[PDB]
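S.K.: Please find one structure pasted underneath; my questions will follow.
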Amino acid sequence: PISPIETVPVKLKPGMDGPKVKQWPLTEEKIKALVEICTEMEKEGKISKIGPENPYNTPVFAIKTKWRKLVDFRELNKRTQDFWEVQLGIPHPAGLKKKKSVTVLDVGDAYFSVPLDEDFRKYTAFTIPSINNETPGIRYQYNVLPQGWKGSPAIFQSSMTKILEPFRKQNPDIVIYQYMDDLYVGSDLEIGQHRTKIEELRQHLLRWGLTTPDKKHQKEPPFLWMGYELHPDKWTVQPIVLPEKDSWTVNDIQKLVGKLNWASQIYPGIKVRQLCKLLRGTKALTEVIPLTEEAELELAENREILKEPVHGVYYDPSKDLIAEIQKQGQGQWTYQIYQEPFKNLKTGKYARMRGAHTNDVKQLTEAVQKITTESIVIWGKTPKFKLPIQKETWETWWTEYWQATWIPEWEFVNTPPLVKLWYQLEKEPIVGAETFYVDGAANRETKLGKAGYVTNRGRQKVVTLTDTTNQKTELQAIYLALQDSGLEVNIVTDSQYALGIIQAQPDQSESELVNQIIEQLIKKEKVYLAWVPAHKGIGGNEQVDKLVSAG
Amino acid sequence: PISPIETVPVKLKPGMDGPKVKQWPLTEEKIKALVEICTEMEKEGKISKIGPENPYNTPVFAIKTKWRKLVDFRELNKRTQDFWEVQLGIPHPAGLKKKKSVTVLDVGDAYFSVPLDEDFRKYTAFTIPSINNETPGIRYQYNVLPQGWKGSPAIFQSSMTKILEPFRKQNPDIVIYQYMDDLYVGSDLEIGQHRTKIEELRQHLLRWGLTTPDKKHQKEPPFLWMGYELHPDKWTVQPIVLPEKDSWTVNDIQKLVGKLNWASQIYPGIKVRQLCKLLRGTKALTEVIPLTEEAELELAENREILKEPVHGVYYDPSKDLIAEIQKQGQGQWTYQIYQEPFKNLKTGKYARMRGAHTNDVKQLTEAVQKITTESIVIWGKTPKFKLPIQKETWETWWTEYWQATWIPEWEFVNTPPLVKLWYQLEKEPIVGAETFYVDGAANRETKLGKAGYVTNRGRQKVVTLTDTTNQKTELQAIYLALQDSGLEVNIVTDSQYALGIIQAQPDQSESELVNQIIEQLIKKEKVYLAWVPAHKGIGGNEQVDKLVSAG
Amino acid sequence: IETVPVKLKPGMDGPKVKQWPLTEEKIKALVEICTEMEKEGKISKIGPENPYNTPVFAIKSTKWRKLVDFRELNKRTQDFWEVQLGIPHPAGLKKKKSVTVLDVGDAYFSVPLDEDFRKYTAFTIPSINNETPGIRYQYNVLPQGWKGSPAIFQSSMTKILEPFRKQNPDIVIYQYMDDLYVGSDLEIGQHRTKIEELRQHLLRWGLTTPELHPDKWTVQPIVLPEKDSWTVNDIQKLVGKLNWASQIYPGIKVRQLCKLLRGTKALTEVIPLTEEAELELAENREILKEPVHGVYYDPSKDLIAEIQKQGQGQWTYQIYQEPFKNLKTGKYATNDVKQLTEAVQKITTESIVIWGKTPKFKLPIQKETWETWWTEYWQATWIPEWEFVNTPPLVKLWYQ
Amino acid sequence: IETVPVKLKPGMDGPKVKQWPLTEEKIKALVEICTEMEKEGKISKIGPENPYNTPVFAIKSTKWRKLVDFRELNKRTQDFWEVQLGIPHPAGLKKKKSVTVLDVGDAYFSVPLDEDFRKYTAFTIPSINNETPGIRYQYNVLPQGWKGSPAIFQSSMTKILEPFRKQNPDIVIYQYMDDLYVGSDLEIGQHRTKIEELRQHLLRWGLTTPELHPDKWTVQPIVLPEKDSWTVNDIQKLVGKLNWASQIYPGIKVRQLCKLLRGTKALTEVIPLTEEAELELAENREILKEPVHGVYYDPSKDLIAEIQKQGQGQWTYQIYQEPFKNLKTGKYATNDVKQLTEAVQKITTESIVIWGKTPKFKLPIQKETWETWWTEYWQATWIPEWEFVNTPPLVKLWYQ
Ligand SMILES: O=c1ccc(Cc2ccc(Cl)c(Oc3ccccc3)c2F)n[nH]1
Ligand SMILES: O=c1ccc(Cc2ccc(Cl)c(Oc3ccccc3)c2F)n[nH]1
């Protein structure tokens with residue numbers, strides 16, 4: 001059928017006219033299949049013969065027992081207005097409330113069951129060519145949403161939504177999820193009452209031109225849907241087989257990571273870092289990459305996690321969400337969300353590096369943020385967090401840091417390794433400690449550096465660097481001062497860059513130099529870092545700039 | 001059976017002792033299945049009961065009608081020596097010589113058919129626990145390559161190779177490819193003579209402990225192997241379905257790109273750039289990403305390419321290889337390799353950016369290099385290239401550039417768009433053209449810039465920049481000079497950085513500033529660029545440094 | 001009661017901005033509000049042939065309220081509300097003893113919106129877990145939060161206010177977005193009595209209506225401390241403040257203080273403050289009380305606000321058009337985000353009073369944190385521009 | 001005929017370096033050579049219990065030849081061939097009129113290799129399209145290309161050469177890797193007659209054997225042109241050369257020349273060369289003929305060679321240990337890669353003669369291009385270290 005629903009008005013893009021594409025001479029087999037297929041559509045109202053006055057045209061093709069009409073709408077598509085996006089997201093199973101019964105209905109001939117705007121139909125004109133193009137072809141236009149046209153997905157889903165609205169209003173306890181040609185209908189009715197309700201939905205859908213399968217054809221839970229398996233009172237990802245291979249190609253490792261990532265929604269503790277590190281560089285798709293030992297280690301631990309099947313639970317809005325995060329190595333974090341202790345709704349991980357340099361406190365907060373946004377999407381509220389960080393550690397860090405942040409309700413849970421700051425810079429200069437005035441200088445052309453210092457105790461030193469920038473030399477200077485000083489030291493720099501990095505108490509960095517600075521800072525008992533303006537003739541800074549400025 | 005082949009001697013890592021891991025108390029069902037499974041292996045020589053003197057142990061587990069013994073060799077693996085990699089690569093079908101007949105033989109119980117080093121067996125000790133661990137467990141050790149042990153893949157393939165060597169030597173026209181448990185055997189014998197030869201291979205393999213399937217169980221070509229389909233006189237990738245979706249998740253786009261990339265080995269003209277651009281940023285795995293119009297455009301063109309099936313041919317060493325490259329948009333290149341015009345052996349693409357700034361000539365040469373290395377891998381020789389660049393264009397560029405390069409035998413082919421340089425910097429200063437002395441200055445702390453110039457005709461100008469580095473201001477200066485000058489201009493800078501970038505005639509850049517400089521350079525009729533040392537009191541450079549040095 | 005045509009210009013399409021995820025209570029709040037608005041004819045459901053989108057949020061007492069984020073539409077429609085139908089800003093408003101801010105956005109729902117422009121006002125109520133496709137609407141009347149609304153309505157507003165202005169010619173009234181800023185020099189009781197009088201005027205035209213002291217706004221100076229005794233470190237910080245201050249203020253001097261730091265000294269070492277130094281220092285303090293010589297508001301340039309977190313609930317800020325050429329500086333003083341959103345609102349309100357427009361903010365906070373939380377505490381009817389920046393720790397130090 | 005124990009040190013495992021793809025003719029060449037070597041007992045097939053790998057290549061007349069790349073093993077075994085069994089380098093070798101380079105690597109196959117060390121010499125003949133798993137071998141005798149080979153063999157080499165040295169005490173012989181460098185001051189015919197005499201000595205110990213003029217090696221100076229008339233541009237380039245030269249050479253002066261460039265001049269404008277300038281300039285030329293004052297070979301530091309492509313088949317180069325503190329400069333003058341590999345071999349040969357070791361090269365070429373093509377033209381028995389660098393276009397200009 002063709003739904004009696006009102007059409008959606010459709011326009012071409014402001015400046016543009018409809019498509020006038022030439023029909024390629026087709027093969028008799030193909031011309032024959034197209035005529036057959038079109039006759040059948042004509043007799044069901046889907047298409048209509050049109051006069052030669054209509055100046056528009058789109059190419060048509062047939063491809064294989066079985067013949068398929070394929071219309072190339074590329075030009076029309078370029079010419080037709082933009083439409084509203086069909087969805088902002090897909091549902092996550094963890095977000096679904098458990099229903100006593102759920103049925104899948106698939107709408108038959110979805111697009112062809114929905115009318116196209118009368119004023120737009122002319123632009124969907126196409127021509128079945130005659131044998132060797134000798135004579136005028138047979139001309140049609142669509143009365144319904146064509147396959148491959150830009151507006152079909154959007155106009156269909158919108159039509160289905162208008163059509164469903166009344167049923168939804170008079171059945172507010174039934175949940176219907178629309179997904180392409182499919183309808184997933186769930187209720188907490190007794191099985192017999194449910195099947196009655198499905199039947200009057202099917203009737204309501206038939207009233208509006210949409211056919212649906214009989215009960216003997218309706219699919220049984222578990223439903224495979226979008227990479228998930230949806231069971232009566234649990235869900236999981238579809239089965240993951242990590243293939244056994246002697247040689248791993250770039251392509252296999254890509255696919256492995258994709259599956260592990262997908263698996264991480266419900267399998268806790270999955271890691272992907274060491275496998276990801278292999279894919280760096282520019283290697284052929286079919287090129288074999290020797291697994292490192294760390295990749296080997298990571299892959300084996302993933303296999304232990306995946307040996308026993310794991311499932312998630314559905315959502316119950318009468319309870320709170322609790323999110324827990326564990327640190328699993330550098331950069332890597334892992335989380336579980338549950339309502340009742342250890343019956344997970346879902347699982348996940350966070351690896352991301354924000355910036356070049358960071359610390360565990362910063363990372364945890366970023367992980368809390370990612371999980372917070374995720375929870376508002378899936379459940380429409382934030383969870384209560386349980387974090388492996390002391391309130392005192394957190395308090396100390398964010399009250400002193402210069403960025404604003406704020407995480408919602410959380411509690412400490414002793415699940416080591418614990419997040420802690422590994423050093424703390426002093427608030428005041430240190431009495432009885434040597435002041436190192438540092439500086440770095442690099443020739444822009446020869447890339448030849450001088451990093452060094454002078455102290456208040458008369459110590460002076462100037463090393464020679466090669467292929468460094470000005471930024472590296474100012475960091476090299478600070479490193480020298482750390483290496484050559486006691487357990488307590490004041491350091492004076494004229495580099496705001498160096499200062500910024502170090503004042504954020506990083507404990508982790510992409511830069512090698514910075515990691516060496518971190519090692520030192522950890523070993524010190526007290527460090528005070530200070531800044532002065534360059535070339536302003538300041539005592540100490542002037543003295544060092546001399547011996548550092550050489551070439 | 002257990003091959004009579006001599007064992008490979010195996011060591012633990014120098015400092016380490018064998019594993020002493022404790023057996024977790026198991027379930028009766030599991031204890032029962034393990035005893036059953038072990039009895040059966042014992043009766044076939046695979047494992048042997050051992051005394052309580054052996055101090056080593058590895059955990060064992062059973063997992064599901066069907067019971068599977070799973071030994072957790074993680075600790076042993078950490079402790080056992082490194083082995084030689086099993087392969088440097090896998091064969092590409094395009095490289096395969098066509099055989100009249102090809103059979104697949106799969107070795108049954110591969111690992112368990114190969115002996116383990118007598119001196120190493122003790123480290124493979126494991127314990128079937130008693131009910132509730134009350135009494136001493138039953139103790140075994142492996143006589144053969146265990147499943148999950150680190151050396152099994154390597155020792156197996158090496159064993160198979162030693163075993164095959166003689167047969168290979170006395171049958172130099174047969175081709176045998178080893179891949180895990182599988183053997184692919186090809187010949188140019190008549191079908192009856194072939195089956196005889198397969199049978200004496202099977203006999204030779206049985207002599208050395210390796211069972212293989214009977215003729216009624218041998219697989220028929222086409223062989224699915226490693227994502228390819230291998231037909232009697234053609235090959236292709238396995239069928240690719242680009243799913244129709246209303247909403248694309250990060251996960252779907254990842255999988256789409258993987259399939260397109262895989263498809264690009266034989267389907268020409270496939271693109272992935274616009275789809276890849278979407279995956280940038282840090283988005284959830286299940287997050288929907290609206291397709292841009294360019295992504296939409298790219299996806300539709302990929303669908304046209306994939307509508308009709310395409311195949312590749314096998315290799316004939318009696319002919320030359322010809323490689324052709326076409327430019328398909330910025331950054332993107334496409335290639336076909338064939339021996340007879342348009343019967344492709346294989347296909348591919350190259351997108352990569354080497355550096356921040358580049359030109360089409362540089363890119364083409366990088367594409368020629370990638371294809372050159374690929375051809376030596378697959379065919380052991382370099383192809384004759386057919387390139388969309390004039391000999392004169394190439395000659396001019398590489399004779400003048402400061403890097404060395406060299407591509408093998410090639411010819412021009414007029415398949416537009418043609419690779420050309422879009423501008424050329426002058427070799428000598430230009431008479432009757434205005435000299436712009438440029439300079440850029442940035443405060444390291446406030447990030448406040450001054451880019452400007454002075455000319456020999458007395459023109460002076462100094463703009464104000466904000467949140468720029470010193471490098472950006474020196475580029476901004478050059479851009480100003482280009483904007484405010486005639487069709488001919490000399491420009492003098494003290495920035496080696498700016499010079500380097502521009503002297504390479506880039507026509508494409510990651511930097512916005514650089515692309516604006518490129519637009520200008522293209523529109524000029526003549527540009528001469530020059531360098532002088534900063535702060536050396538050079539006329540013009542000194543005059544500009546004044547008005548540029550302000551804050 | 002008959003519509004004013006609206007353009008975008010030739011080549012700039014409408015907004016296509018994503019809807020940021022909303023919590024359940026806010027979503028439910030929005031569908032109540034919207035179902036009512038539809039029944040009242042103010043908005044209409046729309047179909048997928050409208051490709052445009054503007055985000056919506058719900059904010060606050062117990063009354064929820066709809067807040068549409070027209071920042072994009074406003075940029076794309078700037079020629080209309082600024083040059084074609086501009087509302088002049090009175091310089092006198094900042095001079096007043098007391099300024100009261102009244103919400104007048106209800107008045108805009110009475111005027112119909114140009115039918116050719118309605119599509120550009122599309123928005124979306126999303127659903128939890130994307131379970132239902134999300135409810136789509138556009139406006140049939142002048143929407144709150146769009147700058148075209150007051151632009152269009154100003155003709156009516158003048159009628160409405162004519163009696164009140166005529167009877168109170170030393171009270172200044174200024175419309176900005178959905179607010180009326182009403183300033184006077186009256187004593188506070190008389191000022192408040194006049195505000196209530198104004199509500200009654202407004203109440204006759206349908207608008208049931210939901211105290212700044214700008215004359216007592218004085219720049220927060222860069223503070224040079226006075227000390228018992230100065231360490232080497234202390235002077236280095238003083239030279240640092242003054243140095244960067246001298247890039248803003250004509251006449252700032254550090255030469256004397258700089259000689260006091262002779263060579264390679266201990267940071268901890270006390271130093272005698274020379275009379276030449278104490279002179280230069282006292283003269284620097286004088287310069288820092290006064291406004292910056294050389295800086296002026298340029299009506300064609302955007303305002304920019306930077307905010308530094310100073311700890312202990314203290315926030316400092318600077319408004320400028322060219323970096324560091326400050327037009328205004330101040331401070332503000334419960335969690336970081338809550339306070340930051342308070343600072344932003346206070347700064348924006350001041351800016352509206354002073355220059356008749358809102359600055360683009362440089363916020364010291366992670367994008368996602370801000371986006372998750374800002375509407376939890378936001379009270380205003382407008383939303384200013386923001387980007388997200390890492391504060392240089394030195395700029396924080398120089399402003400206390 | 002009985003082996004010398006070999007170590008790596010405690011904590012540095014053997015080489016695990018990948019085999020770079022080889023063309024068919026080279027692969028076939030290698031399996032012939034290797035099948036023979038195995039029959040002769042020199043190498044043995046190995047199994048997968050040997051995790052190590054060193055790359056192999058084939059080079060050239062019609063005779064192919066095996067070239068193993070022991071650069072890694074050499075680094076990891078440095079204490080043995082350098083400090084434990086070092087070969088002293090004679091300073092006199094560079095002073096000789098003529099130096100002849102003889103290949104003596106055949107001699108090493110006669111000595112057995114320490115059984116505990118053999119595993120570290122593993123290599124792999126790969127196959128086309130990875131069709132067969134690839135043939136694995138290790139050495140049973142001292143391998144060509146390993147620095148331990150001459151280290152171990154030097155005791156025998158001394159015996160072999162004793163008669164020749166005793167009879168010709170003003171000829172200097174130096175062993176480096178698989179070569180003997182033989183220098184004399186004899187007239188060329190007499191030099192050549194002595195080389196043949198040496199071959200016959202060597203021939204008695206099994207070694208069937210396959211002309212530098214170092215005294216006539218003189219540094220390529222930084223060239224200051226002499227000109228009819230100087231443009232502003234010309235002097236700017238001269239000031240540029242001299243400027244960067246003054247970072248190498250004590251005493252270089254540009255002050256005079258710099259005043260000649262007064263203000264904002266046309267690059268094309270001709271300028272009269274002042275006498276003060278022509279003086280400074282002529283004195284600069286004198287400094288640039290002589291070697292750099294202050295730079296010395298440091299035996300504990302690695303040598304580094306930079307090469308610039310000058311166009312028209314011209315190549316310039318510099319050897320140094322600290323950047324730009326040049327120990328030597330030169331030039332070299334068919335495709336780019338071919339020529340570059342010629343330059344590299346000439347520079348390495350000079351370095352061996354002069355300091356007794358080879359530099360790490362900074363090559364102006366794409367990694368992959370170099371790797372694909374270098375063995376197509378490489379003639380030497382050794383391979384130096386290289387990295388791949390982008391030439392700064394100014395450094396190219398300053399060296400002509
Ligand atoms: O018996 C069951 C089985 C699953 C569920 C969870 C559940 C509840 C309601 C509906 Cl519409 C479901 O169907 C969906 C299927 C795919 C995506 C979203 C929803 C769904 F999967 N509830 N009860
Ligand atoms: O009939 C055919 C079918 C395919 C071929 C190509 C060909 C030739 C020889 C062998 Cl061992 C083949 O088997 C292989 C299978 C997978 C990988 C490599 C080789 C193979 F695929 N040759 N003749």
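Ordered as shown in the structure tokens, chains take letters A, B, and onward, while each chain numbers its residues from 1 and ligands are numbered from 1 in the order shown.
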Once you count only C-alpha atoms, which residues of chain D turn out to be within 9 Å of chain A? Could you give them as a ChimeraX atom specification?

M.R.: /D:244,247,322-324,392,394-395

S.K.: Go ahead and write the selection's residues with N, CA and C atoms as a short mmCIF file (atom, residue, chain, number, x, y, z; two decimals), in the first residue's frame.

M.R.:
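And here's part-v2.cif as it stands now:
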data_model
loop_
_atom_site.label_atom_id
_atom_site.label_comp_id
_atom_site.auth_asym_id
_atom_site.auth_seq_id
_atom_site.Cartn_x
_atom_site.Cartn_y
_atom_site.Cartn_z
N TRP D 244 77.89 33.08 9.24
CA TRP D 244 77.83 31.71 9.69
C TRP D 244 79.25 31.09 9.73
N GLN D 247 81.01 31.65 13.12
CA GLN D 247 80.66 30.73 14.19
C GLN D 247 81.56 29.49 14.18
N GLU D 322 81.36 18.00 16.94
CA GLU D 322 80.42 19.02 17.42
C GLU D 322 79.91 19.77 16.21
N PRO D 323 78.58 19.97 16.12
CA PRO D 323 77.99 20.67 14.97
C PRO D 323 78.74 21.93 14.53
N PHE D 324 79.10 21.94 13.24
CA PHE D 324 79.73 23.08 12.56
C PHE D 324 81.19 23.35 12.92
N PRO D 392 68.79 22.16 5.37
CA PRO D 392 68.48 23.59 5.42
C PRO D 392 69.07 24.25 4.18
N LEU D 394 69.97 27.13 3.34
CA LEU D 394 71.03 28.08 3.59
C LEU D 394 72.39 27.40 3.76
N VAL D 395 72.46 26.31 4.52
CA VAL D 395 73.73 25.58 4.69
C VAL D 395 74.27 25.11 3.32
#

S.K.: Write out, as a Markdown table, each residue of chain D that has an atom at most 10 Å from ligand 2, together with the closest pair of atoms and their distance in Å to one decimal, counting only C-alpha atoms and all ligand atoms, rows going by chain and rising number.

M.R.:
| residue | atom | partner | partner_atom_place_in_ligand_line | distance |
| --- | --- | --- | --- | --- |
| D:129 | CA | ligand 2 | 18 (C) | 9.0 |
| D:130 | CA | ligand 2 | 18 (C) | 9.0 |
| D:131 | CA | ligand 2 | 18 (C) | 7.0 |
| D:132 | CA | ligand 2 | 18 (C) | 9.9 |

S.K.: Pull out every residue of chain A sitting within 9 Å of chain B, counting only C-alpha atoms, and send them as a PyMOL selection string.

M.R.: chain A and resi 63+72+74+78+85-92+153-154+179-180+245-249+251+254-255+258+261-262+282+284-290+293+297+300-301+304+307-308+352+374+444-445+495-497+533

S.K.: For region 27-41 of chain C, work out the shell of residues within 10 Å, counting only C-alpha atoms and skipping chain neighbours fewer than 4 positions away, then give it as a VMD selection string.

M.R.: (chain A and resid 380) or (chain C and resid 21 to 23 45 56 to 59 63 to 67 109 125 to 128 135 137 to 141)

S.K.: Please dump the current selection as a CSV table (one decimal), in the first residue's frame; keep N, CA, C and O atoms.

M.R.:
chain,number,residue,atom,x,y,z
A,380,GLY,N,19.8,9.9,31.6
A,380,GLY,CA,19.2,11.2,31.9
A,380,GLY,C,19.5,11.7,33.3
A,380,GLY,O,18.8,12.5,33.8
C,21,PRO,N,23.1,17.0,25.3
C,21,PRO,CA,22.3,16.1,26.1
C,21,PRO,C,21.7,16.8,27.3
C,21,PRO,O,22.4,17.6,28.0
C,22,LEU,N,20.4,16.5,27.6
C,22,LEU,CA,19.7,17.1,28.8
C,22,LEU,C,19.4,16.0,29.8
C,22,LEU,O,19.1,14.8,29.4
C,23,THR,N,19.3,16.3,31.1
C,23,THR,CA,18.9,15.4,32.1
C,23,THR,C,17.3,15.3,32.0
C,23,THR,O,16.7,16.0,31.3
C,45,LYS,N,4.8,22.3,15.6
C,45,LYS,CA,5.6,21.1,15.2
C,45,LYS,C,6.0,21.3,13.7
C,45,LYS,O,5.3,21.9,12.9
C,56,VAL,N,18.2,24.0,22.9
C,56,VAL,CA,17.4,24.5,23.9
C,56,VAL,C,17.8,23.9,25.3
C,56,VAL,O,18.3,22.7,25.3
C,57,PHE,N,17.6,24.6,26.3
C,57,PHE,CA,17.9,24.2,27.7
C,57,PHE,C,16.7,24.6,28.6
C,57,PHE,O,15.9,25.4,28.1
C,58,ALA,N,16.7,24.1,29.8
C,58,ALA,CA,15.8,24.5,30.8
C,58,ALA,C,16.6,25.0,32.0
C,58,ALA,O,17.5,24.4,32.4
C,59,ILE,N,16.2,26.2,32.5
C,59,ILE,CA,16.8,26.8,33.7
C,59,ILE,C,15.7,27.1,34.7
C,59,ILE,O,14.5,26.9,34.5
C,63,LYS,N,9.7,27.4,39.5
C,63,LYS,CA,9.3,27.5,38.1
C,63,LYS,C,10.5,27.2,37.2
C,63,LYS,O,11.5,27.9,37.2
C,64,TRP,N,10.4,26.2,36.3
C,64,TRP,CA,11.3,26.0,35.2
C,64,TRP,C,11.1,27.0,34.2
C,64,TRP,O,10.1,27.7,34.2
C,65,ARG,N,12.0,27.1,33.2
C,65,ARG,CA,11.9,28.1,32.2
C,65,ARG,C,12.7,27.7,31.0
C,65,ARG,O,13.8,27.1,31.1
C,66,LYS,N,12.2,28.0,29.8
C,66,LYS,CA,12.9,27.6,28.5
C,66,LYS,C,13.9,28.6,28.2
C,66,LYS,O,13.6,29.8,28.2
C,67,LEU,N,15.1,28.2,27.8
C,67,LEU,CA,16.2,29.0,27.4
C,67,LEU,C,16.7,28.5,26.0
C,67,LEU,O,17.2,27.4,26.0
C,109,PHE,N,6.0,37.4,22.6
C,109,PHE,CA,5.0,36.3,22.2
C,109,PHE,C,3.8,36.9,21.5
C,109,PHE,O,3.0,36.1,20.8
C,125,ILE,N,13.5,19.0,21.2
C,125,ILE,CA,13.5,18.4,22.6
C,125,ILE,C,14.0,16.9,22.4
C,125,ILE,O,13.3,16.1,21.7
C,126,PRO,N,15.2,16.6,22.9
C,126,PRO,CA,15.7,15.2,22.7
C,126,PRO,C,15.1,14.3,23.8
C,126,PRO,O,14.4,14.8,24.7
C,127,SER,N,15.3,13.0,23.6
C,127,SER,CA,14.8,12.0,24.5
C,127,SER,C,15.9,11.2,25.2
C,127,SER,O,17.0,11.1,24.6
C,128,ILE,N,15.6,10.6,26.3
C,128,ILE,CA,16.6,9.8,27.1
C,128,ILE,C,16.9,8.5,26.3
C,128,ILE,O,16.0,7.8,25.9
C,135,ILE,N,11.4,15.7,19.6
C,135,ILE,CA,10.3,16.5,19.3
C,135,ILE,C,10.7,17.8,18.6
C,135,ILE,O,11.5,18.5,19.2
C,137,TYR,N,10.1,21.6,16.7
C,137,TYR,CA,9.3,22.7,16.8
C,137,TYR,C,9.9,23.9,16.1
C,137,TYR,O,11.2,24.0,16.1
C,138,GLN,N,9.2,24.9,15.6
C,138,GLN,CA,9.7,26.2,15.2
C,138,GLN,C,8.7,27.3,15.8
C,138,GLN,O,7.6,26.9,16.3
C,139,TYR,N,9.2,28.5,15.8
C,139,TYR,CA,8.4,29.6,16.4
C,139,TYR,C,7.5,30.3,15.4
C,139,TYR,O,7.8,30.4,14.2
C,140,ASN,N,6.3,30.7,15.9
C,140,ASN,CA,5.3,31.4,15.1
C,140,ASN,C,5.3,32.9,15.6
C,140,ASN,O,4.6,33.8,14.9
C,141,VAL,N,5.9,33.2,16.7
C,141,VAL,CA,6.0,34.5,17.3
C,141,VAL,C,7.4,34.9,17.5
C,141,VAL,O,8.3,34.1,17.3

S.K.: Please write out the residues within 8 Å of ligand 1 as a PyMOL selection string, counting only C-alpha atoms and all ligand atoms.

M.R.: (chain A and resi 90-93+96-104+175-177+179+183-187+221-223+225-226+230-235+314) or (chain C and resi 131)

S.K.: Using only C-alpha atoms, pick whichever of D:18, D:76, D:199, D:241 has the shortest atom-to-atom distance to residue 102 (chain D).

M.R.: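 Looking at the shortest contact to residue 102 (chain D), the residue is D:199.
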
S.K.: Tell me, as a VMD selection string, which residues lie within 7 Å of residue 14 (chain D), counting only C-alpha atoms; anything in the same chain fewer than 5 positions away does not count.

M.R.: chain D and resid 52 73 120

S.K.: Could you write those residues out with N, CA, C and O atoms, as a tab-separated table (two decimals), in the first residue's frame?

M.R.:
chain	number	residue	atom	x	y	z
D	52	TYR	N	67.39	-14.07	16.78
D	52	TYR	CA	68.16	-12.93	16.29
D	52	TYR	C	68.12	-12.81	14.78
D	52	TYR	O	67.82	-13.78	14.09
D	73	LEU	N	75.02	-5.41	15.40
D	73	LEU	CA	75.88	-6.30	16.15
D	73	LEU	C	77.13	-5.54	16.54
D	73	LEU	O	77.53	-5.60	17.69
D	120	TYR	N	74.29	-15.00	17.47
D	120	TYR	CA	74.13	-13.57	17.24
D	120	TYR	C	74.37	-13.16	15.80
D	120	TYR	O	74.07	-12.04	15.43

S.K.: Just the residues within 6 Å of residue 228 (chain A), please, counting only C-alpha atoms, with nothing from its chain fewer than 6 positions along; format it as a ChimeraX atom specification.

M.R.: /A:236-238

S.K.: Would you write out those residues with N, CA and C atoms, as an mmCIF file, in the first residue's frame?

M.R.:
data_model
loop_
_atom_site.group_PDB
_atom_site.id
_atom_site.type_symbol
_atom_site.label_atom_id
_atom_site.label_comp_id
_atom_site.auth_asym_id
_atom_site.auth_seq_id
_atom_site.Cartn_x
_atom_site.Cartn_y
_atom_site.Cartn_z
ATOM 1 N N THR A 236 24.101 -8.360 25.970
ATOM 2 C CA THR A 236 25.538 -8.451 25.789
ATOM 3 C C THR A 236 25.882 -8.032 24.379
ATOM 4 N N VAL A 237 27.177 -7.950 24.089
ATOM 5 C CA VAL A 237 27.643 -7.788 22.717
ATOM 6 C C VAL A 237 27.580 -9.141 22.019
ATOM 7 N N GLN A 238 27.496 -9.125 20.696
ATOM 8 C CA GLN A 238 27.465 -10.362 19.931
ATOM 9 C C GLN A 238 28.822 -11.055 20.069
#
